[PDB]
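**Q** Before I ask anything, let me first share the structure, which is written out below as structure tokens.
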Amino acid sequence: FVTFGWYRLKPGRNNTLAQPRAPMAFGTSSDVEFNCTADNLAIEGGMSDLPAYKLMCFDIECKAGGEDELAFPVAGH
Amino acid sequence: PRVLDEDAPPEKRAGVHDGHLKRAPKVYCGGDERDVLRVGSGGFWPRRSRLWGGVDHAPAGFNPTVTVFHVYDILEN
């Protein structure tokens, strides 16, 4: 097992499977969710490529709105 | 800011407004307008979310099979 890499669901210890959670029991904001144990998982070596993951690259701009509008912004104000 | 209210005398322009207001937050994308927190069908920014506050906004019959899944982060809870 690795912290960053492809994986794969397996048949499991006896035949136990990944048990797909029901859309209401989702803990995360994900599309599909599962309930495995460590034996329903396989590393799936051979794949390397990176999935379709998204990158947000944000940048805020702030204004200072006090008596001195040349002062630098402060979040508490 | 008070300068955002364009038709108002030059001396109600400095400073900011403040204080509680009672309407769902809207977003104006060009000529259109929408509630910020309203997923619905249309949208002014993309969405990869399935649930939104309990409602399931996926096309019915969503049930993607999962046999391989890149993993990028691991939580514990």
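Here's how to read the names in the structure tokens: chain A, B, ... by the order shown, residue numbers from 1 in each chain, ligand numbers from 1 in the order shown.
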Please determine the contact residues of chain B with respect to chain A at a cut-off of 10 Å, counting only C-alpha atoms, and supply them as a list in words.
**A**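 Within 10 Å of chain A on chain B, we get residues 1, 2, 14, 15, 16, 48, 49, 50, 51, 52, 54, 55, 56, 58, 62, 63, 64, 65, 66, 67, 68, 69, 70, 71, 72, 73 and 74 of chain B.
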**Q** Chain A: which residues are strand (DSSP E or B) by DSSP, as a VMD selection string?
**A** chain A and resid 5 8 to 9 41 to 42 45 47
**Q** So that I have them on file, write out the residues from the current selection with N, CA and C atoms, as a CSV table (one decimal), in the first residue's frame.
**A**
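Output saved as out.csv:
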chain,number,residue,atom,x,y,z
A,5,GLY,N,-1.3,6.7,-5.1
A,5,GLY,CA,-1.2,5.8,-6.2
A,5,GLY,C,-2.5,5.1,-6.6
A,8,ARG,N,-7.2,-0.7,-6.3
A,8,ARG,CA,-8.1,-1.6,-6.9
A,8,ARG,C,-8.9,-2.3,-5.8
A,9,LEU,N,-10.2,-2.5,-6.0
A,9,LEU,CA,-11.0,-3.3,-5.1
A,9,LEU,C,-10.9,-4.7,-5.5
A,41,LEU,N,-8.6,-4.4,-0.9
A,41,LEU,CA,-7.9,-3.4,-1.6
A,41,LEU,C,-6.6,-4.1,-2.1
A,42,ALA,N,-6.2,-3.6,-3.2
A,42,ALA,CA,-5.0,-4.1,-3.9
A,42,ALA,C,-4.4,-2.9,-4.5
A,45,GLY,N,-0.4,-2.2,-9.1
A,45,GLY,CA,0.8,-1.7,-9.8
A,45,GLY,C,0.6,-1.9,-11.3
A,47,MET,N,-0.2,0.6,-13.4
A,47,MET,CA,-0.7,2.0,-13.7
A,47,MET,C,0.3,2.9,-13.0
**Q** Please extract the residues of segment 8-74 of chain A with a backbone DSSP assignment of helix (DSSP H, G or I) and present them as a PDB file with N, CA, C and O atoms, in the first residue's frame.
**A**
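part21.pdb was written with the following content:
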ATOM      1  N   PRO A  23     -26.268   7.020  -1.237  1.00  0.00           N
ATOM      2  CA  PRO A  23     -25.947   8.444  -1.425  1.00  0.00           C
ATOM      3  C   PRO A  23     -26.184   9.359  -0.233  1.00  0.00           C
ATOM      4  O   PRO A  23     -25.512  10.380  -0.099  1.00  0.00           O
ATOM      5  N   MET A  24     -27.037   8.946   0.694  1.00  0.00           N
ATOM      6  CA  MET A  24     -27.283   9.703   1.913  1.00  0.00           C
ATOM      7  C   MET A  24     -26.197   9.505   2.956  1.00  0.00           C
ATOM      8  O   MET A  24     -25.936  10.413   3.742  1.00  0.00           O
ATOM      9  N   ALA A  25     -25.601   8.330   3.020  1.00  0.00           N
ATOM     10  CA  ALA A  25     -24.564   8.038   3.989  1.00  0.00           C
ATOM     11  C   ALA A  25     -23.176   8.502   3.576  1.00  0.00           C
ATOM     12  O   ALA A  25     -22.215   8.112   4.224  1.00  0.00           O
ATOM     13  N   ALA A  38      -9.158  -3.452   4.732  1.00  0.00           N
ATOM     14  CA  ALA A  38      -7.854  -3.476   4.067  1.00  0.00           C
ATOM     15  C   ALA A  38      -7.664  -4.664   3.126  1.00  0.00           C
ATOM     16  O   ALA A  38      -6.860  -4.584   2.201  1.00  0.00           O
ATOM     17  N   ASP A  39      -8.396  -5.748   3.322  1.00  0.00           N
ATOM     18  CA  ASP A  39      -8.285  -6.913   2.452  1.00  0.00           C
ATOM     19  C   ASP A  39      -9.067  -6.805   1.152  1.00  0.00           C
ATOM     20  O   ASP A  39      -8.806  -7.598   0.247  1.00  0.00           O
ATOM     21  N   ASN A  40      -9.982  -5.841   1.009  1.00  0.00           N
ATOM     22  CA  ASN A  40     -10.653  -5.574  -0.259  1.00  0.00           C
ATOM     23  C   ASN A  40      -9.898  -4.631  -1.128  1.00  0.00           C
ATOM     24  O   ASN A  40     -10.499  -4.058  -2.025  1.00  0.00           O
TER      25      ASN A  40
END
**Q** Excluding residue 42 of chain B and its own-chain neighbours fewer than 6 positions away, which residues fall within 12 Å of it when counting only C-alpha atoms? Please give them as a list in words.
**A**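 Non-adjacent residues within range: residues 29, 32, 33, 34, 35, 36 and 57 of chain B.
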**Q** Would you save the residues from that selection as a PDB file, in the first residue's frame, using C-alpha atoms?
**A**
ATOM      1  CA  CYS B  29     -22.889  36.611 -13.915  1.00  0.00           C
ATOM      2  CA  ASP B  32     -28.197  36.853 -15.439  1.00  0.00           C
ATOM      3  CA  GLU B  33     -28.638  36.376 -11.689  1.00  0.00           C
ATOM      4  CA  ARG B  34     -28.932  33.394  -9.359  1.00  0.00           C
ATOM      5  CA  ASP B  35     -28.794  32.453  -5.724  1.00  0.00           C
ATOM      6  CA  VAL B  36     -25.296  31.486  -4.666  1.00  0.00           C
ATOM      7  CA  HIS B  57     -28.230  16.067  -7.970  1.00  0.00           C
TER       8      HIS B  57
END
